[PDB]
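One structure coming up, written as structure tokens, with questions to follow.
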Ligand SMILES: Nc1ncnc2c1ncn2[C@@H]1O[C@H](COP(=O)(O)OP(=O)(O)O)[C@@H](O)[C@H]1O
């Protein structure tokens, strides 16, 4: 039913958050940006 | 301490060792200090006696018991980390260690100033010069140095004062000063205990002591500055003709950085 469908959306969202290229590339650039900012 | 437990007979020895640990729990928070760790727990593979091997095992179990003996910390003193049974140094037990080393020229002066807190010094006494010359001396050597200088000063005056009673007059002690002749005499009798050991300290050689090499000095400053402002380099090789100051360059950069 619809109450289970809302539980389905929550279970799938947590699975995707646990599984998670874009954040690895952005984080690697962020680290290099801070080093170039202070050097 | 080792000798206190090892002097005991089988059974009494292990009993006294574990009893002290039980007392620490009862009086927690508490610190258990085990002196001469290499004497209480020598390497098992280096002994033949059953008593020594059992004592090592008993200490190992007592260290593990610290999971229940809340707020009890056990400290131990040894001469070398490699003079004790390696089991003690495994995760847990004694998994933290600190190298005390030998006091440097500044520390030796501070130690002398501590020992002379109760001592009246004459105007000719220069403890900084003494601290610079007393290479190879540790705090217990400087304690003996001050004691010997004190006794020499006492003898010189008491032979003439002739105060023979149960108590000493505060006035004649308060006027007694220890001079440079009394420290010099004591220095000639003192014998350093750490003369053969390596002493590590901040050097006193600075850039003004090195002639020329203006570009080398700047390059060395960049080496130590870049790892802080920003793989940074952690070393440099000096090569070229002999007698140009290779050692002085290494000391001068340590000096300015306040590094050992
Ligand atoms: N650039 C320099 N400026 C002044 N004195 C120097 C210089 N290079 C060498 N010396 C003299 O040579 C001696 C030996 O220097 P040192 O660096 O101890 O030799 P090494 O590095 O080969 O052990 C020093 O006592 C110093 O007086």
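The numbering of chain B matches Swiss-Prot: 270-499, 509-538, in order.
According to its header, the structure was obtained by electron microscopy, 3.4 Å.
Just so it is clear, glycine is given a Cβ too, placed from its N, Cα and C backbone atoms.
Grabbed the feature section from Swiss-Prot, which reads as follows:
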- B:315: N6,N6,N6-trimethyllysine (MOD_RES)
- B:436: phosphothreonine (MOD_RES)
- B:462: phosphoserine (MOD_RES)
- B:521, B:522, B:523, B:524, B:525, B:526: ATP 2 binding site (BINDING)
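Please go over these features one by one and say how buried each is and what sits next to it.
Under the three-state DSSP scheme, residue B:315 (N6,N6,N6-trimethyllysine) falls in the helix class.
Within 10 Å of the C-beta of residue B:436 (phosphothreonine) we count 6 further C-beta atoms, all protein chains included.
Shown in sequence order, B:405, B:406, B:407, B:409, B:410 are the residues of the chain, 6+ apart in sequence, with a C-beta less than 8 angstroms from the C-beta of residue B:462 (phosphoserine).
All protein chains shown were included, and the count of other CB atoms within 10 Å of the CB of residue B:521 (ATP 2 binding site) stands at 6. In the three-state DSSP scheme, residue B:521 (ATP 2 binding site) falls into the coil class.
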Provide the list of recorded positions among B:315, B:462, B:521, B:524, B:526 whose C-beta sits under 8 Å from chain A at the C-beta level, in sequence order; use 'none' for an empty result.
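It is none; no candidate comes close enough.
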Enumerate in sequence order the recorded positions B:315, B:436, B:523, B:526 whose Cβ-atom distance to ligand 1 is under 6 angstroms.
B:523, B:526
If you count the C-beta atoms lying within 10 Å of each candidate's C-beta, which of the binding-site residues B:522, B:526 ends up with the smallest number?
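Across B:522, B:526, these binding-site residues, the one with fewest Cβ atoms within 10 Å is B:522.
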Between residue B:436 (phosphothreonine) and residue B:524 (ATP 2 binding site), what C-alpha distance do you get in Å?
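The Cα atom of residue B:436 (phosphothreonine) is 61 Å away from the Cα atom of residue B:524 (ATP 2 binding site).
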